[PDB]
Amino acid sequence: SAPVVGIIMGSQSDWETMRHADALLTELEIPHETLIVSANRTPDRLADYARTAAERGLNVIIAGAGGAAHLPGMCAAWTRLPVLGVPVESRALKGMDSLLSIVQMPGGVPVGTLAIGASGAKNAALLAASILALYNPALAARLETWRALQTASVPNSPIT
């Protein structure tokens, strides 16, 4: 089926993180595509991708990047689609450079930013799912089931 979400990431090294978004979208039966695209190192590849996303039928972009992380924000510069950003954890600064580079977007060019690392990738997929669920009742039901099961599965007392 035609992708409605695009997962893009700056590098192969970002995939250990962004695969969590891929897995969750697949689990919720959301057709999507997964690509490597760098703002800083393949800027023209990014311009092409972002400019044509809407016409290609994408509804949400999930963008993961670390360091001087510009991929989500430059994606958002070229598309009117909602862009969600995932700060990939960095070696020295533990993703704080990633986070501030992504979240502190200027007024007029939004990126909805999630947690540093794998939890953020998962939440970007879940946030994308909640956006798509607004217009897709079957997906809304799947998402409801998924969230309810998460809540129901939290243990009640610790084991030693």
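The first residue of the sequence shown is number 1, and the count goes up from there.
- For the pair 148-156 and 16-24, the mean Cα B-factor is higher in 148-156.
- For the pair 26-34 and 104-112, the mean B factor over Cα atoms is greater in 26-34.
- When all modelled residues of the chain are sorted by CA temperature factor, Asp48 is found within the highest third.
- Ranked by Cα temperature factor within the chain, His70 sits in the lowest third according to the deposited record.
- The entry lists a Cα temperature factor for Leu134 that places it in the highest third of the chain's modelled residues.
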